[PDB]
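Quick note on the authors' numbering: the sequence shown kicks off at 1 and runs consecutively. Ideal placement from N, C-alpha and C gives every residue a C-beta, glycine not left out.
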Amino acid sequence: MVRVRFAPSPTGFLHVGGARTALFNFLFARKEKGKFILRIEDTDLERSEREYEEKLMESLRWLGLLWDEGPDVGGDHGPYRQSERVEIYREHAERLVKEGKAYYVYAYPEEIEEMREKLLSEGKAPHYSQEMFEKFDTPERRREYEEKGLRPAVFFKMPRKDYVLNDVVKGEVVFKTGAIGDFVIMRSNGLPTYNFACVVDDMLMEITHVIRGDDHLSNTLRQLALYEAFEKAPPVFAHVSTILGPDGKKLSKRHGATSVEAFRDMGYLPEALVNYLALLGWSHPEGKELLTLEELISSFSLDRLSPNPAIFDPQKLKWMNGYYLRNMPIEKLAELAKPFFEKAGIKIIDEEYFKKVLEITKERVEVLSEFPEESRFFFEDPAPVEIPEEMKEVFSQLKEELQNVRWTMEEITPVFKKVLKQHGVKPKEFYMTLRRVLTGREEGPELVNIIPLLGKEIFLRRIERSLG
Ligand SMILES: [Cl-]
Ligand SMILES: [Cl-]
Ligand SMILES: [Cl-]
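Next comes the structure, spelled out in C-alpha cells:
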C-alpha cells in the first residue's frame, strides 16, 4: 500500500542532505508500515567504484536507516542498481520512439552545447526541437557513430501544455506551457539520463510516495511529462527543505563538516545526528526537539514538512550530541569511546576503571574525540609543578597521615583540614596547588571525584614527584 525510496548517486561520502532525505523516507515507511527501497544511481560509476555504494550503505546502517529492498537485501522489484537496468531503459525509450513521443539524434555532446550558446547569444530560448537535429542526420555521421561504437541519443518530444504538480510540501506548482523544450532521455553512450531512469524505476518499483530535496522540483516537470507519455498516474510528491549553512548560503565545505563520515570520525553519535537530521525540514506538533527514534516514527508526518529552508546549526548539533553522550548507558559509552583513547596513545586494559573515568569526565565533553585530552590525567601522571614554599611541609606530611586511611573523601577530607589548620595554611591555595599536582591543569572535574578514583599510591606518588 505504501512504498518509498532513497535514490542516491554514491560519491563515497553521505552528506547531511542525503542522510536527512533517507531518514524522512525511513520514518514514513516505518510509520505507515510500508516498504523503504534503496536504489543505487550508479549509471556513470565503473565496476571498480562499487566501494562508494559500500560506504553509503555502511553510513545508513550506522545512522540506523535500514531498508527493506536494495542491492544487497534483494526484493521482488529488482534489480536495485541502475547500471544493471540499462536494457530496461532502452526497451522503454524505443517504445516512446515507436509511439511518436520521442526520436533519435546524431549530434555530439560537444555540439548541441555549441547551438545552446548560439541560441543564447541570439536572444532565443534554449529549447530544442526535432527539426534542429536533422543537420546531423547524414550517412557519414551514422557511419562515424557505428565505427566509434556510439548509438544515437534519444530525445523526448516535450508537449506544448501546462503541467500542475500537487506537491505535499510545496502545494500547487504550475509548470506553464513553453517552460522547457525537448530533452535527452538516452545518451549516445547507451546510458539513460537521471530523469528518464527515475521515472522508469518509480513506475516499475511501484513507488507510491517520492520524498526528496526541493532541488529536484524543476526536474519534476520533465518527469510528469514522461509519466503522461507512459499513461501511468504519477506518485505522490513531497519536496523537502534546502539545508542552508548558519549564514544563509547553501550548506558547503566552508561551513565545516558536511559528511556523515566526518561526524563519525570527530566522535558524534547516530542518535544525535538522526534526531538533528529530523529537525532539518520538519517539526514536532508541540515543538519538541529531543526525540528518540521511536518518538520520531510516531510523531512524523508529511503535513508537518516545511516549505521553507532549514538552517544548519553546528552548536545545536554538538550540544544535542553531548545530551545523548551523557544519558547513554555506560557499557555502550565505553565501547564507543575506547578507540578514541587508543588513537590518542592512551592504552585501556582495566575496564572497570575506564567506565568510572568516563562517568566523571562525560559532563565536560560534547563529542567522543574530546575524552582523551580531558581524561588524560586519570591514566598518565602529569608534568611536575613547583609546590610553593609555605606548603612544601604540608604536602610532605600527607604521605605519613594518609598511609593508614580508607581511601574515601569522608576519611581523606578531615585529614586535609587537620594538617592545613595545624600548619596555618588557607584551604583555597591548597586545593588549587593540589589540582596542579594531580591534574596538571587549572580546571577539571570536582576534586572530591578525582581523588578517590585515583589510587592511594597514585595520589601520593604525584605529590612526591611534583616537588621533593
Ligand atoms: Cl530523486
Ligand atoms: Cl548525447
Ligand atoms: Cl579547585
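Three-state secondary structure (DSSP) of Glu172: As a working mapping, residue 172 is identified with position 172 in the sequence shown. Of the three classes helix, strand and coil, the one that applies to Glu172 here is strand, per DSSP.
The region 36 to 45 / the region 74 to 92 touching (three or more Cβ pairs under 8 angstroms): yes
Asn449, enclosing alpha helix (DSSP H) - first and last residue: Mapped onto the sequence shown, residue 449 falls at position 449. Element bounds for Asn449: 447 to 453.
Alpha helix (DSSP H) runs wholly inside the region 354 to 405, at least 4 long, in chain order: 371 to 374, 392 to 401
Nearest neighbour of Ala179, chosen from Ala125, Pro372, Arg142 [CA to CA]: Along the sequence shown, one-based indexing puts residue 179 at 179. It is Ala125.
Proximity of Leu453 and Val365 at Cβ, strictly below 8 angstroms: One-based indexing of the sequence shown puts residue 453 at position 453. One-based indexing of the sequence shown puts residue 365 at position 365. Taking 8 angstroms as the Cβ cut-off, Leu453 and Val365 do not qualify as a contacting pair.
Cβ-Cβ distance between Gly64 and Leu293 below 8 angstroms: For the purposes of this step, residue 64 is identified with residue 64 of the sequence shown, where counting begins at 1. For the purposes of this step, residue 293 is identified with residue 293 of the sequence shown, where counting begins at 1. Closer than 8 angstroms, so yes.
Whole-Å CB distance - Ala257 paired with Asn321, under 8 angstroms assumed: By one-based count along the sequence shown, residue 257 stands at place 257. By one-based count along the sequence shown, residue 321 stands at place 321. That pair is no contact at about 12 angstroms.
Per-residue burial, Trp282 [other beta carbons within 10 Å of its own, 16 or more giving buried]: One-based indexing of the sequence shown puts residue 282 at position 282. With 16 or more other Cβ atoms within 10 Å, it is buried.
Straight-line Cα distance separating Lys35 from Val199: Against the sequence shown, residue 199 aligns to sequence position 199. Against the sequence shown, residue 35 aligns to sequence position 35. About 18 angstroms.
Distance between beta carbons of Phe175 and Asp162, contact taken as under 8 angstroms: Position 162 of the sequence shown holds residue 162. Position 175 of the sequence shown holds residue 175. Right, their Cβ atoms sit about 7 angstroms apart.
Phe340 versus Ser369 - alpha carbon distance: Position 340 of the sequence shown holds residue 340. Position 369 of the sequence shown holds residue 369. Their backbone Cα atoms lie some 6 angstroms apart in a straight line.
Euclidean distance between Cα positions of residue 469 and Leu56: Because residue 469 is not part of the residues shown, which for the chain are 1 to 468, the question remains open.
Proximity test, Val184 beta-carbon vs ligand 2 heavy atom, cut-off 7 angstroms: Start at 1 with the first residue of the sequence shown, and residue 184 comes out as number 184. Yes, ligand 2 has a heavy atom inside 7 angstroms of this Cβ.
Closer than 7 angstroms: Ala93 CB and nearest ligand 4 heavy atom: For the structure depicted, ligand 4 is absent and the ligand set comprises only ligand 1, ligand 2 and ligand 3.
Cβ neighbours of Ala22 in the same chain (closer than 7 angstroms, five flanking residues each side left out): Working through the sequence shown from its first residue, we reach residue 22 at position 22. Once the five neighbours on either side are set aside, the close Cβ partners of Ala22 are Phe6, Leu60, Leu65.
heavy atom of ligand 2 below 7 angstroms from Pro109 C-beta: One-based indexing of the sequence shown puts residue 109 at position 109. Yes.
Given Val448 as reference, the closest of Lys418, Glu429, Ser466, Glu411 once Cα atoms are compared: Locating residue 448 in the sequence shown gives position 448, where the first residue counts as 1. That would be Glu411, whose Cα lies nearest to the Cα of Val448.
Proximity winner among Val4, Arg435, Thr439, relative to residue 470 (alpha-carbon distances): Residue 470 lies beyond the residue range present for the chain, which begins at 1 and ends at 468; the question has no answer from this structure.
Any residue whose CB is nearer than 5 angstroms to a heavy atom belonging to ligand 3, listed in chain order: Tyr431, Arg435
Start-end ranges of the alpha helix (DSSP H) lying completely within the region 305 to 346, minimum 4 residues: 314 to 327, 330 to 343
Which residues DSSP lists as bridging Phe6, in chain order: As a working mapping, residue 6 is identified with position 6 in the sequence shown. Beta-bridge pairing links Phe6 to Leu38.
Segment contact flag, the region 258 to 267 with the region 189 to 205, C-beta cutoff 8 angstroms, min 3 pairs: no
From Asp381, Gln422, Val415, residue whose alpha carbon lies closest to that of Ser466: Taking the first residue of the sequence shown as 1, we reach residue 466 at position 466. Nearest option by C-alpha distance: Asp381.
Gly213 in three-state terms, based on DSSP: Here residue 213 is taken as the residue at index 213 of the sequence shown, counted from 1. In the structure shown, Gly213 sits in a strand (DSSP, three-state: E or B).
Integer-rounded CB distance, given that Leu244 should sit under 8 angstroms from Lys253: Numbered from its first residue, the sequence shown carries residue 253 at position 253. Numbered from its first residue, the sequence shown carries residue 244 at position 244. Incorrect: roughly 14 angstroms between the Cβ atoms, too far for contact.
Residues of its chain near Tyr145, where Cβ-Cβ distance is below 8 angstroms and the 5 sequence neighbours each way are ignored: Reading the sequence shown from its first residue, position 145 is the one you call residue 145. Within the same chain, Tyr145 has close Cβ partners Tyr106, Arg151, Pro152, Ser188.
DSSP three-state assignment for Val199, whether helix, strand or coil: One-based indexing of the sequence shown puts residue 199 at position 199. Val199 falls in the helix class under three-state DSSP.
Three-pair Cβ contact test at 8 angstroms for the region 107 to 115 versus the region 126 to 136: yes
8 angstroms contact criterion, which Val425 and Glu401 should meet: CB distance rounded: Here residue 425 refers to the residue found at position 425 of the sequence shown. Here residue 401 refers to the residue found at position 401 of the sequence shown. With a Cβ gap of about 14 angstroms, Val425 and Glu401 do not count as contacting.
Closest residue to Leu14 among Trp62, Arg30, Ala238 (Cα-Cα distance): Walking along the sequence shown from the start, residue 14 turns up at place 14. Ranking the options by Cα distance to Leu14, first place goes to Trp62.
Own chain residues within Cβ distance below 6 angstroms of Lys170, not counting five before or after: Looking up residue 170 in the sequence shown gives position 170. The residues are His239, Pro307.
Spatial distance of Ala197 from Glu373 (CA atoms): Here the question's residue 197 lines up with position 197 in the sequence shown. Here the question's residue 373 lines up with position 373 in the sequence shown. Roughly 50 angstroms between the two C-alpha positions.
For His77 and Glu206, believed in contact at Cβ under 8 angstroms, the rounded distance: Translated into the one-based positions of the sequence shown, residue 206 becomes position 206. Translated into the one-based positions of the sequence shown, residue 77 becomes position 77. Contact flag correct, Cβ pair sits at about 6 angstroms.
Near ligand 2: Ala22 beta-carbon under 7 angstroms from a heavy atom: Working through the sequence shown from its first residue, we reach residue 22 at position 22. Flag unset: Cβ of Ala22 not near ligand 2.
Near ligand 1: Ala7 beta-carbon under 7 angstroms from a heavy atom: As a working mapping, residue 7 is identified with position 7 in the sequence shown. Yes; taking the cut-off as 7 angstroms, the Cβ of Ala7 has a heavy atom of ligand 1 nearer than that.
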